[PDB]
Amino acid sequence: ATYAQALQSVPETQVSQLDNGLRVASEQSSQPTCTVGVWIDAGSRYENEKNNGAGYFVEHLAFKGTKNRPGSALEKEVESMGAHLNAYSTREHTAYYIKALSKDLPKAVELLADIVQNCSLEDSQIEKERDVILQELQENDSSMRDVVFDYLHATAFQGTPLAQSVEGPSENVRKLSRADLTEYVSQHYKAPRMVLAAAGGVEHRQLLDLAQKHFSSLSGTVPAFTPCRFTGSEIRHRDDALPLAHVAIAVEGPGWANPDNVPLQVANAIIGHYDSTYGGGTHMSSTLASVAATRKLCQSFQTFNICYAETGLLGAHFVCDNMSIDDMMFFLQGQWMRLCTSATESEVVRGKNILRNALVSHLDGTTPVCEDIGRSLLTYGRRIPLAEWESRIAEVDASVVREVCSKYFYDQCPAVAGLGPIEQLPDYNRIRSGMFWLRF
Amino acid sequence: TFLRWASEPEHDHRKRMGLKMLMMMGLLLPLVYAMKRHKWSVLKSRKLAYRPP
Numbered sequence: 002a003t004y005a006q007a008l009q010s011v012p013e014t015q016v017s018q019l020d021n022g023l024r025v026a027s028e029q030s031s032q033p034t035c036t037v038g039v040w041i042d043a044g045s046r047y048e049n050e051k052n053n054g055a056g057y058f059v060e061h062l063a064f065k066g067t068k069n070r071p072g073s074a075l076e077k078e079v080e081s082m083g084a085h086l087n088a089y090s091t092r093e094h095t096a097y098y099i100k101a102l103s104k105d106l107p108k109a110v111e112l113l114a115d116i117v118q119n120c121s122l123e124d125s126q127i128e129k130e131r132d133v134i135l136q137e138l139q140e141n142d143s144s145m146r147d148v149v150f151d152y153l154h155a156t157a158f159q160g161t162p163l164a165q166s167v168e169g170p171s172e173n174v175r176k177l178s179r180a181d182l183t184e185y186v187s188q189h190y191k192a193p194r195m196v197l198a199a200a201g202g203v204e205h206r207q208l209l210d211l212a213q214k215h216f217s218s219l220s221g222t228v229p230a231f232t233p234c235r236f237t238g239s240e241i242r243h244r245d246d247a248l249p250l251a252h253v254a255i256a257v258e259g260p261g262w263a264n265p266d267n268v269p270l271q272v273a274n275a276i277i278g279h280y281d282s283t284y285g286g287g288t289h290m291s292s293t294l295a296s297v298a299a300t301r302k303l304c305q306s307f308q309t310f311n312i313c314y315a316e317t318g319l320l321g322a323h324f325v326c327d328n329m330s331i332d333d334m335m336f337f338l339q340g341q342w343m344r345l346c347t348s349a350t351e352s353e354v355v356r357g358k359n360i361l362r363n364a365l366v367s368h369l370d371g372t373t374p375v376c377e378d379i380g381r382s383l384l385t386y387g388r389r390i391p392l393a394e395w396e397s398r399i400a401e402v403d404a405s406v407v408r409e410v411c412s413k414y415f416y417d418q419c420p421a422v423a424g425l426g427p428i429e430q431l432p433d434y435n436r437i438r439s440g441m442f443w444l445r446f
Numbered sequence: 277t278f279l280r281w282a283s284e285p286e287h288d289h290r291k292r293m294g295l296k297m298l299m300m301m302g303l304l305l306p307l308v309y310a311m312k313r314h315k316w317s318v319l320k321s322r323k324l325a326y327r328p329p
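Sequences listed follow chains 3A and 3D, in order.
Here the first sequence stands for residues 2 to 222, 228 to 446, numbered as in the authors' numbering.
For the second sequence, position 14 matches number 290 in the authors' numbering, and the numbering has no gaps at all.
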């Protein structure tokens, strides 16, 4: 088993398609557990200004009682057989997955059929949930990471649905009524926009039979989004009482398509990640992280690759004190243009290995495998096998990384979002000047 | 006019530099002004909002 043989030995993801348009897919294994869930193409990207937050609201209400299962009775099932019911709604995806035993798949799918089709939307339950969402919004206000990322989205995609947050404004939260929720679920939770993923010890034919027996009476056989526009801007929520200063700087990246994602991830793998409670410290190959550990510039930093259907954000997010924002902006831009102008071969090899490890280790356990299945059948349109990922990483070299970074980084207007004691944060002109090198 | 030339031998050449300078300044002032406006537009577009608790 020389790695490549191990990659070939990974079982494939069989994909089917119901008459209603449900893309039933499954990956068979030998584990005695399973994770089955539907991924829907709803989210804030498909939400208008007045509807903003309806997806989060309906996701909240989904588990709190159905039509056939009144209230906690549904929950009474999930705990009775040891299942873990969970959900998450991204800006472009929504999902409700139920961890269960391999022998509980016939029931679990049934529960899923109840959650997405025969929902309740009880008015009194809506009233109880409204204040809960308000308090959750207040809790997220203290989340200086999520707040900064929402600031980045708003200041990068201003004037487009992508700028909208997942939870939506509090005004919409209090305004939203049952009619809007049922209209939203009837318009977005359509069969062609749903994929019933199931990883673990589930046989694909059994999954197909269950889906045909439960998800049959869905929609027959329309929000298709609008191409959003990137607008290099900046938001400075100067608040000196905050202890640290979260900064996020991004550029218009690629989408789920546009294979340039694979080299680009490698570049991010070169920059890497670091925080105070790390290991080697002033020895890690990342020059950014090594310098940060040497001079203690920050408490954290990361490189994200948020990519949507047609566009996406590529950049970094660092958490540091008030007296070191300028230095880390300098070093981060220096690393970006070092990769842009002369990426070398050894760093590219290290990035390839890091990306290989990320993809391989991320896809362990039934939950990440099922999530990958559901997300890939929506974004890529196909569950990309790990062998294809290996080949695509292998094709990446120094010249490819330099070219792709030049395409996406060099002389590009970034979007900046700072929160906290960000007085040191250089003005947007200085950042944009850092986005190009005079020597080169 | 001969005495004027005797006083200012560089008269015609002075006017030649003057004409060239006029053209160059009429080309340069708008362009440097454009660069200044381009660099200062970042500031002259801010939408500062105050959001006290």
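All C-beta atoms, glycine included, are put in the ideal place defined by N, C-alpha and C.
Please look up how many angstroms separate the CB atoms of residue i and residue j, rounded, as I've assumed it's under 8 Å.
i: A322 (chain 3A); j: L303 (chain 3A); result: No, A322 (chain 3A) and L303 (chain 3A) are not in contact; Cβ-Cβ is about 13 Å, not under 8 Å.
i: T385 (chain 3A); j: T36 (chain 3A); result: Not a contact, Cβ separation roughly 19 Å.
i: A393 (chain 3A); j: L8 (chain 3A); result: 5 Å
i: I399 (chain 3A); j: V268 (chain 3A); result: 6 Å
i: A364 (chain 3A); j: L153 (chain 3A); result: Not really, about 22 Å apart at Cβ, beyond 8 Å.
i: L106 (chain 3A); j: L211 (chain 3A); result: 7 Å
i: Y47 (chain 3A); j: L163 (chain 3A); result: About 10 Å; that fails the 8 Å criterion.
i: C120 (chain 3A); j: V228 (chain 3A); result: Not quite, the Cβ-Cβ distance comes to about 20 Å (not below 8 Å), so this is no contact.
i: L369 (chain 3A); j: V375 (chain 3A); result: 6 Å
Report yes if the C-beta distance between residue i and residue j is below 7 Å; otherwise report no.
i: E60 (chain 3A); j: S90 (chain 3A); result: yes
i: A275 (chain 3A); j: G340 (chain 3A); result: no
i: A192 (chain 3A); j: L209 (chain 3A); result: no
i: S292 (chain 3A); j: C346 (chain 3A); result: no
i: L361 (chain 3A); j: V297 (chain 3A); result: no
i: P420 (chain 3A); j: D246 (chain 3A); result: no
i: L182 (chain 3A); j: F64 (chain 3A); result: no
i: residue 225 (chain 3A); j: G380 (chain 3A); result: The gap in chain 3A between 222 and 228 takes in residue 225 (chain 3A), so it carries no coordinates here.
i: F236 (chain 3A); j: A157 (chain 3A); result: yes
i: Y434 (chain 3A); j: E240 (chain 3A); result: yes
i: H243 (chain 3A); j: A114 (chain 3A); result: no
i: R24 (chain 3A); j: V203 (chain 3A); result: no
i: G38 (chain 3A); j: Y97 (chain 3A); result: yes
When you compare only the Cα positions, how much space is there between residue i and residue j?
i: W395 (chain 3A); j: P170 (chain 3A); result: 39 Å
i: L250 (chain 3A); j: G387 (chain 3A); result: 41 Å
i: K68 (chain 3A); j: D124 (chain 3A); result: 13 Å
i: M343 (chain 3A); j: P260 (chain 3A); result: 18 Å
i: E93 (chain 3A); j: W40 (chain 3A); result: 10 Å
i: residue 463 (chain 3A); j: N173 (chain 3A); result: Nothing can be reported for residue 463 (chain 3A): it is not among the residues displayed for chain 3A, which extend from 2 to 446.
i: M329 (chain 3A); j: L294 (chain 3A); result: 17 Å
i: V407 (chain 3A); j: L295 (chain 3D); result: 53 Å
i: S73 (chain 3A); j: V79 (chain 3A); result: 10 Å
i: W281 (chain 3D); j: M293 (chain 3D); result: 17 Å
i: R438 (chain 3A); j: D417 (chain 3A); result: 8 Å
i: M290 (chain 3A); j: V366 (chain 3A); result: 22 Å
i: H279 (chain 3A); j: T317 (chain 3A); result: 24 Å
i: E409 (chain 3A); j: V402 (chain 3A); result: 11 Å
i: residue 334 (chain 3D); j: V257 (chain 3A); result: For residue 334 (chain 3D) there is no data in the structure shown, the boundaries of chain 3D being 277 and 329.
i: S321 (chain 3D); j: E76 (chain 3A); result: 53 Å
i: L444 (chain 3A); j: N21 (chain 3A); result: 58 Å
Which one of the options has the shortest CA to CA distance from residue i?
i: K100 (chain 3A); options: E140 (chain 3A), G278 (chain 3A), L62 (chain 3A), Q32 (chain 3A); result: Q32 (chain 3A)
i: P329 (chain 3D); options: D142 (chain 3A), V407 (chain 3A), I312 (chain 3A), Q418 (chain 3A); result: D142 (chain 3A)
i: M82 (chain 3A); options: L62 (chain 3A), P71 (chain 3A), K104 (chain 3A); result: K104 (chain 3A)
i: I255 (chain 3A); options: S178 (chain 3A), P432 (chain 3A), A26 (chain 3A), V110 (chain 3A); result: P432 (chain 3A)
i: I116 (chain 3A); options: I127 (chain 3A), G201 (chain 3A), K129 (chain 3A), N87 (chain 3A); result: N87 (chain 3A)
i: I331 (chain 3A); options: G278 (chain 3A), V253 (chain 3A), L320 (chain 3A), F310 (chain 3A); result: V253 (chain 3A)
i: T95 (chain 3A); options: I127 (chain 3A), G44 (chain 3A), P12 (chain 3A); result: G44 (chain 3A)
i: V148 (chain 3A); options: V133 (chain 3A), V196 (chain 3A), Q165 (chain 3A); result: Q165 (chain 3A)
i: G371 (chain 3A); options: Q29 (chain 3A), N21 (chain 3A), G22 (chain 3A); result: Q29 (chain 3A)
i: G66 (chain 3A); options: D20 (chain 3A), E130 (chain 3A), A26 (chain 3A); result: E130 (chain 3A)
i: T283 (chain 3A); options: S306 (chain 3A), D266 (chain 3A), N264 (chain 3A), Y97 (chain 3A); result: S306 (chain 3A)
i: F336 (chain 3A); options: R436 (chain 3A), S397 (chain 3A), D378 (chain 3A), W262 (chain 3A); result: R436 (chain 3A)
Compute every distance between the C-beta of residue i and the non-hydrogen atoms of the ligand MN, then say whether any falls below 6 Å.
i: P107 (chain 3A); result: Ligands in the displayed structure: none, and consequently the ligand MN is not present.
Assuming residue i is part of the alpha helix (DSSP H), what are its boundary residues?
i: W395 (chain 3A); result: 392-401
i: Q18 (chain 3A); result: Unbroken run through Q18 (chain 3A): none, as it is neither H nor E.
i: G294 (chain 3D); result: 287-316
i: residue 227 (chain 3A); result: Coordinates for residue 227 (chain 3A) are simply not present: the residues of chain 3A run from 222 and resume at 228.
i: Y416 (chain 3A); result: Taken as a continuous stretch (DSSP letters only), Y416 (chain 3A) belongs to no alpha helix (DSSP H), as it is neither H nor E.
i: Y57 (chain 3A); result: 55-64
i: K108 (chain 3A); result: 106-117
i: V186 (chain 3A); result: 179-189
Can you name the start and end residues of the beta strand (DSSP E) that residue i belongs to?
i: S27 (chain 3A); result: 26-29
i: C326 (chain 3A); result: 319-326
i: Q308 (chain 3A); result: 304-310
i: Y89 (chain 3A); result: 85-90
i: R146 (chain 3A); result: Taken as a continuous stretch (DSSP letters only), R146 (chain 3A) belongs to no beta strand (DSSP E), being part of the alpha helix (DSSP H) at 145-157.
i: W40 (chain 3A); result: 34-41
i: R242 (chain 3A); result: 240-244
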